[PDB]
Every structure is written in C-alpha cells, then in structure tokens.
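Inspection log for the structure reproduced underneath, given as structure tokens.
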Amino acid sequence: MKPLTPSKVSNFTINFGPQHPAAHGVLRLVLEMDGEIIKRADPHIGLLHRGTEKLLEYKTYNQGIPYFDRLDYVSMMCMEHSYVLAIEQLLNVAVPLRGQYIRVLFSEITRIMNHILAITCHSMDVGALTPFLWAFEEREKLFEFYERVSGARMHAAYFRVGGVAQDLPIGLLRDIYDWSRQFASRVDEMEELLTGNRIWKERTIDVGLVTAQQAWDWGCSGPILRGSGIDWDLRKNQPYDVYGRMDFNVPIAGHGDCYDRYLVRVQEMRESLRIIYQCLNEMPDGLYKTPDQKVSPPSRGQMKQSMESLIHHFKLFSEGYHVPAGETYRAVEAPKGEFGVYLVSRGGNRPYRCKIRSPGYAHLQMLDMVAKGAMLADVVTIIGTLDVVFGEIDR
Amino acid sequence: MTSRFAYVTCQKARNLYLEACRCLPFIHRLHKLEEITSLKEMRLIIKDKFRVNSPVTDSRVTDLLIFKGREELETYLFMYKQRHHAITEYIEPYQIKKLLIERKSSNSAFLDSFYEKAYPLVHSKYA
Amino acid sequence: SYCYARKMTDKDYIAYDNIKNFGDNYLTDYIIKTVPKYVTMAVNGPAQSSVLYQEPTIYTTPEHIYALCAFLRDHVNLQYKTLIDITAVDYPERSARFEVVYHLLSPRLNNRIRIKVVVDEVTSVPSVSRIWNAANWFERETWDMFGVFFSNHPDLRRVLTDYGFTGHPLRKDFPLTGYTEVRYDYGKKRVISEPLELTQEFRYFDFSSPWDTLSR
Amino acid sequence: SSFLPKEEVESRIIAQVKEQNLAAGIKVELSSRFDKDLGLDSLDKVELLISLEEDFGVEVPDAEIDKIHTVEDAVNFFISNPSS
Amino acid sequence: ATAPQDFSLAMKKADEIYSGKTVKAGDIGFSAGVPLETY
Amino acid sequence: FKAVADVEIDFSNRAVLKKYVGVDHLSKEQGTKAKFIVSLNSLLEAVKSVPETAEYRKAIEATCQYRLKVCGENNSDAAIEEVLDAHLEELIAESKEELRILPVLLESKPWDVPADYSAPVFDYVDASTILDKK
Amino acid sequence: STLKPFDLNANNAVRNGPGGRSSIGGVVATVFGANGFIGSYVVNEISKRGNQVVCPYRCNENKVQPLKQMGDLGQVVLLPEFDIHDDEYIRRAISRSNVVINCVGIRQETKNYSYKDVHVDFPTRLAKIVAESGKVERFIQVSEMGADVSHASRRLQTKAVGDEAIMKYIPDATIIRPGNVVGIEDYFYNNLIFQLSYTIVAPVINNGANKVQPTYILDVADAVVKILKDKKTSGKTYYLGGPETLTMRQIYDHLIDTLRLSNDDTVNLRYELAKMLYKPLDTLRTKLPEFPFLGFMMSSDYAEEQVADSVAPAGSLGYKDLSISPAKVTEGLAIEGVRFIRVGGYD
Amino acid sequence: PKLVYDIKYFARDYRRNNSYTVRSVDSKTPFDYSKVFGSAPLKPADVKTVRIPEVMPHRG
Ligand SMILES: NC(=O)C1=CN([C@@H]2O[C@H](COP(=O)(O)OP(=O)(O)OC[C@H]3O[C@@H](n4cnc5c(N)ncnc54)[C@H](OP(=O)(O)O)[C@@H]3O)[C@@H](O)[C@H]2O)C=CC1
Ligand SMILES: CCCCCCCCCCCC(=O)SCCNC(=O)CCNC(=O)[C@H](O)C(C)(C)COP(=O)(O)O
C-alpha cells in the first residue's frame, strides 16, 4: 500500500558523422542522448579497414614492414619497431649498439611529433587555432630529419631487422642538436597559451575522468594510465633497447581528467628531449646493421666484389630470410600507448599470422564508459584525449 | 490453501522468420520503402533467403546460421544499412525478375552454355 | 595490483628479486599445481616481455576459460589485471581449426602470460567480458574475422567488415581479394556490389627452396 | 462466440489461402491441414497468418501458431477474438 | 625422421590433445558465409 | 616519477603523495596496519572452505603467513609498504579481490584431479647458452 | 540466364571475360551526343560490358565528367572538339569503331544551328562518311516517335527527313524511335515540374487531349543493347513506346498528385492562341543566343507537337520484338525522382 | 672487424641452434613455497632489486 514511482525515457538516437575538428580519420558515432546528456555511445568502426592482417600473410617479412608505417601515420617509427623486434626475437638476431641508439633517437623524435599533433589538434577541436599553426613549423623541422635519413618525410621504412637501412648522414647530429636547443622555448610558448587559460581550463577540467582500476580493466596504456596515477612505462618496466641506459622520469598525475593527460603529454615531450640529448652525446661508432648477412642485405660494393655476397643479396631480395617456427608478442611504448605484434611463424619466409594489438582500439572501447553523462560538445574533447587514429584502430 | 478440487526448438528458423515478418513494417517506415515495395512483396523475398540454407541438419550449424540471419535483420532495423542497400540487394532483383521476358530456349542447357563460354563455372555479368 | 606511483626517487629497479624469481621459473609449475583441472599443457618459451626472459603459455579447454581467467586476475600471487588482446589463429590442417589466444599482463609481477583455447567452427567459447571489460570488442573482432562464436557475449556483432558481409576474411580458405567488388553505376544512381574482376591478377611468387630445413 | 458471420470470415481466409501458390486445384475448403493437405511449408504458414493479420486487424499469439493446424482452426480463432 | 625437437613438438602435442566435433559433410560450408557456388 | 603540477607540494608528507596519485579512488578508507591484519585473517578464515590438502589453500596460507610476518617485524606502516612494494590501501584491496573468486573456485573445484594427472611442459633452450660455452 | 553475344563479325575472337567492366567486349563505339541525356545511358550500357566507347563532345570538360567514370582504363575515349560540319574529325572519330550511334539533336533553334543543319545535314554527311569506311557494321539513329514528313512542327519533320537520308545511304541502319523518355536528367518530367512550381501559370496546350507513351531511360538503354545483340534487327525501325498510353492531362494531374500541389495551376492555353503568342518568339530565337528564360515549352513547334497524338502505329516493331517488358513510368523507381520533391509527408 | 679473414657461421649461427625440451608436471608432488617466500625480505633492509638491462644483446 505504498505508491510506486515511475521514471523517464531517453530518445534522440543521433548519428555523429565524420567530423573535421576531431581525431583525424573518419568516425561514425551513434549516440543515445536523454535531452542534451548522452546515455550511450556506440562507435562504428571499419571505415578504414584495409585488410592489413590478411595482406601480411601473403608477403615476406621484409615486404610487410611498410604496412606498419601506414597503420599509424602519426607515429611510423614506433609502429614498425615492434614488428622488427618480434622478427628479431624469433630470428635470434643481435642489433649493434649504433643501430640501437638510432632506433631510440628516432623513436623519441616521432614521440615528440605525435604529442605536438595531439595537443595542438585537441586545442583546435576546442577552438584555439594559434597553437596548431605554431606547431606545424616544428613538425616540419622534424619531417626534414626524416627526409634526410630515409628520403621519405612520412613513410620512411627506416627500421630494418638487425639495425637501420642506412647510416646517419653527416651533419644530421648537429642539426638535431640545434632543433633541441630551441625546442624547450617553443614548447613553453605553446604551454602558456594552453595552460592557465580560463576557457581551456573550464573546457577540459573534470572531463573524461578515468580511475586506475578502470584503466587496467579496459586495457588502456600510456598517457591514460599516467594521468590517473599509474607509474607504468614499458620503456622502464620492460625495456626493449638501450632505453635502460637512458635517464628520464615518468610524468604522473592523479585526477584522470582531460587536463591531467594534457599536462602529462607536455611533460612527455620534455622527457623525450632529454632522451634525445643523451642519445646525441652517447651515440657510438661502428656498425649500424647486424654483421650477419643471412638476415641483413650485404653492402653494395661487397655484393659487387664477392660471390657469397651476391648470392646472399639475391636470396634475400627474392626469397627473404626464413624465420624459425615459433610465436612471439613484442610490445613498444608508442606515443598513443602500447603497440604490440603477435607474430606466428611456421618456419617459412612469410608470416602465418600477424596480429596487431591496437592501443587505440581499447581507448575507443573505453569511450562509452568515459562519455557517460557528458554533452555533445564534451565528446570532441574526450576523443581528443584518447587521440585515436582510425587507420590504427581499423587494421 | 489446498483442496482436492484445487489441482485438477526444432523450429528456431520459424521463430526467426516470424520476427522478420513482424519487424518488416518498421523497416519499411525507417527506410522509406512504402511506395517502392509492399509488405507482402518483401515477405516473399525473406522466404527465399531462408530456403537457400535448407540442406543443413546439424543443430550447431543451424544456431550459427540463425544468429547470422538475426544480424542481417538487425542491420536494417538499426539503420546500419541504408535505403539504397535495401533497394539494391532485395527490392530491385525481385522487381527485375517479374519484369523479365525470356524466350523459352529450344536448345538444352548444355548447348546454351557451350555457345556462351568455354568454362561454365565462371560467372556472367549483366546477363 | 595497480601500479600506483609510490616511490618518488630511486625506483631504478625493474622489480624486486623475489617477484622476478617467482614468475621467472616457478610460474607455470605454480599454476599447474594450484589449478590443475583447468590446465591441459604448458609451454615455456621466448618471453613476450623481453628477449632475455621466458614467459609461460598455458593451453586450456573452452569450458574452463572463465574460471581460469578469474583465478589469474584475482589470485594474490598472480594478478593479471589486464587483458592485452584476444586473437585466433586458423590451422586448417587440424580438426580443431581455431586457436583462441589470450594475452595478459600482471603489473605487480611485471610478467606476460598467454592462454590458448583450441576450438573448431561449431564449438563456442564463453565470453570473459565480466573478468575484463576490454574483451567485448576483441571477441567481436574474433567473431568477425574468424567466425568463432562467443557465448553469453552482451552483443556479438561484426566490427571491421562492411555491412552485409557474411564471410569471415581471416580464415585461410577465404580468398585474399574476396568474392565481390564495389562500383558506382550511372544507370541506377547507387553504389553497388558486383562479382570480382581483376584487371591484373595477384602474382604469387613461389620462393621456397628444396634445401631449406626451417620449414615445419 | 462468433463476433462476425462464419461465412464471411471463411470466404476471406480461403481467399488469402488461394493466394499461396499451392493449397488449391481440387480441394480448397475447410478440414484441410496446412502442411498435410495443402503442401504448405511452415514458413508459408507463418506468412499466411501474417497476411490474415493484414486482412483482419488482429494479432495472433505465437503459441497459438503452435496450436493452429487447420483452415477450420484459423477461422475459429479469428471469429472467437472480439477485435476481429 | 627422428624428431624435429622444436616448437613442432608442442604443435603436434596440441594436435593430439585436442579434437574437433563431428558434423555432417557440407554443413560448415554454409556457416562459412562464402558464395555457395564456390563449393 | 615527476609531478606534472606547477604548484609546489611535499611528497615526503606520505599523505600529500597519496592524495596526488589518487589512491583515494581505490579506497576512501585510510588503510592502516590493523586493517591489513584484519583483511589477512579474514582471508585465512575464508580459505577454510577449500579442502585441507588443496594446493591453492596451502598457497593462500603461505602468502598470508608471509604478509602477517612482514607486518610483525615492521612496526612502521610505511616499512610494510616498502617491503611489499605497495600502498597499504591496495594491499588491503588485494585480499578482498582474492575473496571475490572463492565462490567461482568452489563451484568447479579445480583441485579435484585424478591421481595420475600429468601436465606436459615444453621448455625453450637458447642457442646463446650452448654456443658461447657448455 | 545465358549471356548473348554482341552480334558483330569476329566478335568471338576478340571477346573474353565474364562481360563486366574489366572484361573485353569486341565493340568499339562512337556515340555522337554522348554528354546528352540519352547518350550518357547508352555509353554506360556499352562501356559497362567491357567495350570501348569513343565520345566526341563539343569542348566542355564539366559536362563530360560523368562519362569518365563509366568505363575502365582506356575504355571511354573523349575527343575534345566536335563540330557537325567537320568531316575530318568525324572520320577520325569512327576510325576504329564498328558501331556508330547518333544521338545528336536540338530541341530548339538558335542563331548558330538550325533544325535543318543538325537534324538533316549532319545525318546525311555522317551517313556518307560511315558508308565509305566499311568497318562500321551497325548503325543506330535515335528519333522521336511523332517524327513524320507531314508534321506541322519543324523539329519532328526535319528528324524524319534526316532518318530517310540515313536509310538511303546505309540500308542496314536501325532507327530507334522512343517516346518521351523519363529519367532523373530527363526533359519531360523536369520541365513539367518546373512549369507547375516556378512559373506564374502552367499553360497546357488544348486540354491535355494529346496522348503519349512515355518510357523509362533504362528501358531504352537496354533496348539499344538488344538491338546490338541481334543482327536480324538491322534495317528496321523500332517504336519504343511505354507500357501505358496516357493523355497529357493524366500526367499533369498525377504529377500534381505525387507532388501534392495545393491545387491545379494548369491553365487552358488552347491552340490557335499559342500559334500567335509564340510565332514571333521563334523568329526571336533564331536571332539570339541560348537563353535559359525561354525554351522548348515556349515555342510554336511545341504547341504543334502537343496537338497531335504521339503514339506508336498499330502495326509496328517495339519492345516485345526485343523481348523487353517496359516499366511503368507513373509508379515504382521511375517516379522516385518526382517523389523526393514532395509527397505530403515530406515538407 | 675480426670477421674479414676468419669466416665461421656455424660458430656464429644462433638462428638454427634453438631447441625445445620436454617435462611432465604432476599435482601429487607439492610445490616448494620455501623457494618463493624463504628468499623474500622480511624487513626493509633485506630488500634486493633487479636493475634495468642497459643494452640489448649485441655480438660485440
Ligand atoms: N525526351 C527525350 O529525351 C527524347 C529524346 N529523343 C531524341 O534523342 C536525341 C537526344 O535526346 P536528348 O539527349 O534528350 O537531347 P540532348 O539535347 O539532351 O542531347 C543532345 C546531344 O547532342 C549534342 N548536340 C546538339 N546540337 C549539337 C550541335 N549543333 N553540334 C554538336 N553536338 C550537338 C549535345 O551536346 P551540347 O550539350 O554541347 O549541345 C548533346 O550531347 C534528340 O534528337 C531527341 O529528339 C528521342 C525520344 C525522346
Ligand atoms: C529486409 C530484411 C530481410 C532480413 C533477411 C533475413 C534472412 C535470414 C536468412 C537466414 C536463413 C536461416 O536462418 S536457415 C536456419 C537453419 N536452416 C535449417 O535448415 C535448419 C532446419 N531447417 C528446416 O527445418 C527447413 O529447411 C526450413 C525450410 C527452414 C523449415 O523451417 P522450420 O525449422 O520452421 O521447419
């Protein structure tokens, strides 16, 4: 004999289509909203699924490296790095120290551009356009280093099994060092416009709140973990190159809101600058690729002077190396999180199965939990902090 | 509270078809297909889609097929697929078949395929 | 458990000695002895975490996967709080074609574990979404690419492939180019799908040597 | 319990039954099992019930669909039901 | 002929431990979802 | 680690640290030593349902005994944190997380296996070991 | 269904493939008037089946943009500068072609080109040029149904004279004579709608008595394919009328119904009055450039062709001889285009 | 480079020299918890740490 209480109903099943001030790529987002507040978000993906994983199965191991560069167009080096590390683990190949240094250096460089693009495109999505243009000039300076080492500004394909494709051109280390001398001042200029700004604070504070338990449950990595209070970095917890030698501190925040992750990314840029300076000063001298010529191509004079080297060149550029039967999962700290490749080999010259673990796939899965109770405008900021790349999400 | 007077899925596909038939008007209104096609006309196509999978008898394969057919229905119902998809894949071929006039060929099936192509297994487009 | 930042300075260590030893050499034996019914076989091989270490691989059956995953996440000594990914590999030579692979992380142990469930096309694998929320999309992808059904999944739908796609592309019997192709027609002002025609066919180059031995 | 005349509803149901490809020829009347006299398939039976749904503006329970078997049974079901 | 004594050992062992459930011939082809003219 | 906040705070206060890194999200309780002792003893009481000659029960008993010892010699609550590599709050949440899976383990009873149970284990031998020396 | 060959000599050698875009069809076609409404669909049908289509066009890159998508690489050849008076260009266009389709026509006169040039001189000149070659095997000319030598309208009379000239030079040519063609880019329903909606009053010649047999564009395009797939069709004129014969009043009423116009805006501009209102405006047209304001509807020729019954003669070839069932133009997909405008649940 | 005039791949062949051994584990034999927790520290002083590997293996 006590009255029951009824409730309310939600409608407005909107479709948020491909939208330019958002994370780059095409996003189709179906949102159920009670009034102006979202109740469910269902991201529709597959709009950039190019069948990469199945295409890898039909190519040789060296022929499949350019796939990883194009999986993530912002951070190419980190993406191909995991593939070459997995092949190296299965092949039992040891990388010379100079090549290990070159890999760590360029990995930090691509990390820096990734963070620059992420922060300034997020500010553009908010509506501030000056940091964005102020950033493209820096990103051009770093693309110039890429075009110097590889001849391609974006899809270098520079990392190879056992080392790097070519050696560093003379004069590169000086130029990188000059860009480093001025980088901190440029970053401070960007930081003043974003940090301390009342409108930016209001837009980003307490938006997209994540807790450490939630991050581990949903499989998140990188800035999302470190903005919530988790002292976990693969470069430190599970080193994969001469990163162990390198001296740098993990940036940690605790709130988990959008602002905390932005601050983490800026500090990550600074830590990457420190790692680059250490790489520049301690760069060794010697071989840049593995001495073994049954897994690495011989030098051109050597193929033109030796019969064994011509044989090795012919059989490596036609058949490729044979990877011993086995399975491995090698992960690297990509700028967007943890990127890993699960490679299955049956003993042939082609991969049998190459699963790609997307750091952004789990973040897009986390979108629904994060964007609950938010508004249509908050979705853009939340997408910005996830920093999702849909060619990277859709393999 | 007691007296002596007191107390005195082989057809899973049928249920899925019933679900499709009951959901047909909703997809007609959602996909603006009222004028182009009738409800009965679409109800006819759905049976042929069901009949293609008749030979299977294993229960587990039947379960998988039913789940996939439910997915096909859900795509139209949830607006994943669009109006032009419905036109292209269901309504247009059914209307084309009705409008088709053909001469009853006196040549047997072998002669016609022999005249047509060397390898009968290869498909023909725009027949 | 959760690697909440505790030490402000001098946390140079990768981990403690005891935590490393228990997971470097006792982890598989500990799992087998503690939960014997779940495990059928175990493989210690090249480590997922690193080149120098060794990480376990555990083979279990589909019925025991949920309980094994629940044990792995919440056991005090073994805290695999994270599901890195879920994957399937198609082996047409085997009667049980598909091998569903689970990759986990223990932040406390700084270790990686791999769990394999071997199934066929008809059998289903119980969903582990209640143990790890990240599983939902991974199992949806496994269903899309390989056709492995996951039981008690909240909503098992295709993710990557086009709407109306019925085949499972990553199956080894699926053609690399597929069966259909997409073109716009002027007559019918619609984008339509048609059977495949290739202007230039894919050229498979057979590079295998008779003298090779690594091929298994 | 016949809300509307038995002759009218019967003529209408047999009119819809004729629309199906078979269920005709020499015997289209009462006392004809859908699947054992008329050659109808189960899906065709369900569609026929949906066509009767359109004709008489009233729904049929699925368990009743398990119970319905004959031309007599369907007309009996529709006459019994007040909405008709 | 002796033994590979490598990953193939665990490969064969996974083969002999596990097995597939029997189904009628051709039933899986319908589950595959490819055009039926393929068969 | 490095704080990403321009504001200056003291991380040796051992409470400002916890507030900064967000341990309060894990548990609103303070997480003292006595709470850890109580949680470990409650886990010991809980694992009584598992049969006495079960390897899992022996494992939980050994771990709880080790942690009760570590509480024993160390009178400082921070010292327990250093030895166990964890905040006291998450150490306490650990035993509850163990409590959560006891029902699932008592439904399937993994410890029941036949007296001929044998789990084959395959181990990888690296060539670097053999090539360099024997 | 079994694919039927294009009945062209030595096709069996050259043809190969399933019959799709990437397949090889042994038909090289020079379609004059490709960028037009009728020509574009014919180009689409021929090129869809793997054949090569040469499309001479008067310089206009944006108008011929859709034809670029029609075929695979190298199949649709677009020749930039087409003039009806240039013999050498016509010879170059049909050099490799074994079928030639002429869809070149003008609805109205201008200062540069009159009916007698386009509808008479060009067919005769092209007929001579095609005849001298010999490689061209099939010739198809597209004309109106109502075209007759004894017709009041100058357009429909010149078209028939040009068709007779074509028949004289090439005896094996096929004269396709479709009715008012309905399509998305048609000039029938689109002009009627523009008349009903953006014009002060909709003048209807007489009371809409004139009977017409409208046909859908896809049906005519398929009919062209069926003409080319049979050599027995050569030398015959096919009156491709629609499935239903309708008076103009019915079509106006049904457009008003489908668009859900408030009421009937059509007025009775009976004949003998249009013959006085538009008669000077024809002389106006012949001395002025192309102007969007007035055209087609606002001519004495249109009034003269809307006082007669443009219907197929009783004894005549049609869609049935080509084994095609024409689709109704008042229902179904044909009428979707007008349907999108308004259906009363719309706006 | 000491490989110019001294060529021996079989000595430097790590790819094809990997192998897999086999063991059988049984539930009857108890696990050695003495190994796991006997070496575990009981006080802060006894804590021992594993340093991060500085470089990955190289042939030199
Ligand atoms: N309602 C219809 O559509 C019907 C059409 N027909 C007949 O089919 C033919 C074309 O139909 P339609 O396509 O609708 O008419 P269009 O005017 O739409 O197509 C005319 C084509 O001829 C070209 N053309 C016209 N005059 C010249 C010229 N002086 N020199 C060079 N090229 C020229 C045009 O090119 P540009 O664009 O540069 O002028 C255009 O490509 C006409 O003869 C018409 O009577 C038959 C039955 C009904
Ligand atoms: C516009 C939206 C359209 C949606 C289209 C949806 C199309 C779905 C197609 C899926 C087809 C299936 O499920 S096929 C379901 C599995 N196929 C089987 O054959 C199992 C048992 N089959 C039979 O009993 C008979 O073949 C049968 C004729 C089915 C009699 O159905 P009943 O068991 O009752 O007697």
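Quick reminder, even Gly has a Cβ in these numbers, built from the backbone with ideal geometry, and neighbours come from all protein chains shown. Just so it is clear, none of the values below were taken in a lab; they were calculated from the coordinates.
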### Message
It is to be established whether one or more residues within the stretch B:29-41 are within 7 Å of ligand 2 (Cβ to nearest atom), in a helix (DSSP H, G or I) and more than 14 Å from chain C (Cβ to nearest Cβ).
### Response
no
## Note on the structure
Taking the stretch G:142-157 and keeping only residues that are touching a helix residue (DSSP H, G or I) at 6+ places or on another chain (Cβ under 7 Å) and either in a strand (DSSP E or B) or of a type outside the set (A, V, I, L, M, F, W, C) (or both), one is left with G:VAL142, G:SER143, G:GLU144, G:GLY146, G:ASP148, G:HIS151, G:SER153, G:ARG154, G:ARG155
### Query
Which pairs have Cβ atoms under 7 Å, sit 6 or more apart or on different chains, and link a residue in the stretch B:43-59 that is at negative phi to one that is among the β-branched types (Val, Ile, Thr) and within 7 Å of ligand 2 (Cβ to nearest atom)?
B:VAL56/B:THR62
### Query
Across the stretch G:158-190, what is the total count of residues that are touching a helix residue (DSSP H, G or I) at 6+ places or on another chain (Cβ under 8 Å), more than 11 Å from ligand 1 (Cβ to nearest atom), over 21 Å from G:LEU322 (Cβ atoms) and away from chain C (no Cβ under 14 Å)?
4
### Task
Report the residue count in the stretch C:52-64 for those that are in contact with a strand residue (DSSP E or B) (Cβ under 6 Å, 6 or more places away or on another chain) and within 13 Å of chain A (Cβ to nearest Cβ).
5
#### Entry: Only one of A:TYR240, A:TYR262 that is assigned to a helix (DSSP H, G or I) and within 28 Å of A:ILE176 (Cα to Cα)
A:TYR262
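Given B:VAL8, B:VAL56, which one is more than 7 Å from ligand 2 (Cβ to nearest atom) and over 30 Å from A:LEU29 (Cβ atoms)?
B:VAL8
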### Message
Can you pull out every residue in the stretch C:1-34 that is part of a loop (DSSP other than H, G, I, E, B) and within 10 Å of chain H (Cβ to nearest Cβ)?
### Response
C:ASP10, C:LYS11, C:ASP12, C:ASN25, C:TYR26
### Query
In the stretch B:86-93, is there at least one residue being under 30 Å from G:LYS48 (Cβ atoms), near ligand 2 (Cβ under 10 Å from one of its atoms), assigned to a helix (DSSP H, G or I) and among the β-branched types (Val, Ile, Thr)?
yes
### Message
Give all pairs with beta carbons closer than 8 Å in which a residue from the stretch G:252-270 that is more than 19 Å from G:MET297 (Cα to Cα) meets a residue that is of a type in the set (D, E, K, R) and buried (at least 16 other Cβ atoms within 10 Å of the Cβ); count only pairs at least 6 apart in sequence or on separate chains.
### Response
G:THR258/G:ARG339
### Summary
Okay, helices (runs of 4 or more DSSP H) sitting entirely in the stretch G:39-141 with 2 or more residues that are closer than 25 Å to G:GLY295 by Cβ and more than 10 Å from ligand 1 (Cβ to nearest atom), I get G:65-69
### Query
Taking A:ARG261 and the conditions (1) buried (at least 24 other Cβ atoms within 10 Å of the Cβ); (2) within 14 Å of chain C (Cβ to nearest Cβ), which numbered condition does it fall short on, given that it satisfies the others?
(2)
### Message
Would you confirm whether or not the stretch G:195-206 contains a residue that is touching a helix residue (DSSP H, G or I) at 6+ places or on another chain (Cβ under 9 Å) and within 14 Å of ligand 1 (Cβ to nearest atom)?
### Response
no
### Message
Any residue at all in the stretch C:114-130 that's more than 8 Å from every other protein chain (Cβ to nearest Cβ) and under 30 Å from H:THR49 (Cα atoms)?
### Response
yes
### Query
Restricted to the stretch C:167-185, and to residues that are surrounded by 15 or more Cβ atoms within 10 Å (Cβ to Cβ) and within 8 Å of chain E (Cβ to nearest Cβ), which residue is nearest to C:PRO195 (Cα to Cα)?
C:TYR179
### Options H:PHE37, H:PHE31: the member that is within 30 Å of F:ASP112 (Cβ to Cβ) and assigned to a loop (DSSP other than H, G, I, E, B)
H:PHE31
## Note on the structure
Here the qualifying pairs (Cβ atoms under 6 Å; residues six or more apart or on different chains; first in the stretch A:39-52 and over 13 Å from A:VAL389 (Cβ atoms) and facing another protein chain (nearest Cβ under 10 Å); second acidic (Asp, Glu) and assigned to a loop (DSSP other than H, G, I, E, B)) come out as A:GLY46/A:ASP394; A:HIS49/A:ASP394
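So which residues in the stretch A:201-237 are part of a loop (DSSP other than H, G, I, E, B) and within 12 Å of chain C (Cβ to nearest Cβ), if there are any at all?
Once the filter is applied, which keeps residues that are part of a loop (DSSP other than H, G, I, E, B) and within 12 Å of chain C (Cβ to nearest Cβ), the stretch A:201-237 yields A:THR211, A:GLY219, A:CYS220, A:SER221, A:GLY227, A:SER228, A:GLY229, A:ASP231, A:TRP232, A:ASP233.
Residue-by-condition table, conditions (1) within 16 Å of ligand 1 (Cβ to nearest atom); (2) farther than 30 Å from G:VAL14 by Cβ; (3) among the hydrophobic types (A, V, I, L, M, F, W, C):
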site: B:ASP58; (1), (2), (3): no, yes, no
site: B:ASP63; (1), (2), (3): no, yes, no
site: B:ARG83; (1), (2), (3): no, yes, no
site: B:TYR94; (1), (2), (3): no, yes, no
site: B:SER108; (1), (2), (3): no, no, no
site: B:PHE114; (1), (2), (3): no, no, yes
site: B:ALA118; (1), (2), (3): no, no, yes
### Tally of residues being in contact with a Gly (Cβ under 9 Å, 6 or more places away or on another chain) and either more than 7 Å from chain C (Cβ to nearest Cβ) or not in a strand (DSSP E or B) (or both) across the stretch H:40-57
6
### Message
Cβ-Cβ under 7 Å, sequence separation 6+ or interchain: first residue in the stretch G:324-343 and facing another protein chain (nearest Cβ under 8 Å) and part of a loop (DSSP other than H, G, I, E, B), partner among the charged types (D, E, K, R) and surrounded by 18 or more Cβ atoms within 10 Å (Cβ to Cβ). Which pairs?
### Response
G:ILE324/G:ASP219; G:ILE324/G:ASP222; G:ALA327/G:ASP219
### Query
Does the stretch B:7-20 include one or more residues that are part of a loop (DSSP other than H, G, I, E, B), away from ligand 1 (no atom under 16 Å from the Cβ) and of a type in the set (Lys, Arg)?
no
### Message
Cβ-Cβ under 6 Å, sequence separation 6+ or interchain: first residue in the stretch G:171-193 and more than 16 Å from ligand 2 (Cβ to nearest atom), partner of a type in the set (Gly, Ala, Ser) and in a helix (DSSP H, G or I). Which pairs?
### Response
G:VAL182/G:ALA334; G:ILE184/G:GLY337
### Query
Quick check, is G:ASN60 touching a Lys or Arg at 6+ places or on another chain (Cβ under 9 Å), over 23 Å from G:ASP230 (Cα atoms) and more than 10 Å from chain C (Cβ to nearest Cβ)?
no
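Name the single residue, out of those in the stretch C:35-51 being more than 18 Å from E:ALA14 (Cβ to Cβ) and facing another protein chain (nearest Cβ under 7 Å), that is surrounded by the most Cβ atoms within 10 Å (Cβ to Cβ). Before the answer, list the steps.
Just the residues of the stretch C:35-51 that are more than 18 Å from E:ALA14 (Cβ to Cβ), to begin with: C:35-37, C:47-51.
Of the ones still in play, those that are also facing another protein chain (nearest Cβ under 7 Å) are C:35-37, C:48-51.
Working: C:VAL35: 26, C:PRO36: 22, C:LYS37: 19, C:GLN48: 28, C:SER49: 23, C:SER50: 19, C:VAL51: 19.
Per the criteria, the residue is C:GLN48.
Consider D:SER42 carefully, then state whether it is farther than 15 Å from B:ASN15 by Cβ and surrounded by 13 or more Cβ atoms within 10 Å (Cβ to Cβ).
Against the criterion (farther than 15 Å from B:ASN15 by Cβ and surrounded by 13 or more Cβ atoms within 10 Å (Cβ to Cβ)), D:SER42 does not qualify.
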### Message
Taking the conditions exactly as written (more than 16 Å from ligand 1 (Cβ to nearest atom), over 20 Å from C:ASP155 (Cα atoms), more than 15 Å from the chain's Cα centre (by Cα) and more than 7 Å from every other protein chain (Cβ to nearest Cβ)), does B:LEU24 satisfy them or not?
### Response
no
